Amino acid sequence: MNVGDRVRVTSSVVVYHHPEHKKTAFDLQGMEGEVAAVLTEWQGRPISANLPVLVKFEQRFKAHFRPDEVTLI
């Protein structure tokens, strides 16, 4: 995986922070964005984020995923 990769949310991922659906359930499945980060450590010290793939989408929106929920476009 790489920062900059374009990905499609292929699993069903229901979120509550989308700017167009603030506080309400919205499935991101099918949306396409770009990997902004892959969290495996903080300044050389391994960290345990369990949704390590941060993906940026249109409308100033980002969300975190497991590697298995997204597919390289």
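Throughout, we count residues from 1 along the sequence that is shown.
Peer 1: Quick check: 22-30 versus 41-49, which has the larger average CA B-factor in the record?
Peer 2: Taking the mean C-alpha B-factor of 41-49 and of 22-30, the larger value falls to 41-49.
Peer 1: Within this chain, which third does the Cα B-factor at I73 fall in: lowest, middle or highest?
Peer 2: Its C-alpha B-factor belongs to the highest third of this chain's values.
Peer 1: By the record's CA B-factor, is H64 among the lowest, middle or highest third of residues in the chain?
Peer 2: According to the entry, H64 has a C-alpha B-factor in the chain's lowest third.
Peer 1: C-alpha B factor of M1, ranked within the chain: lowest, middle or highest third?
Peer 2: For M1, the deposited C-alpha B-factor lands in the highest third.
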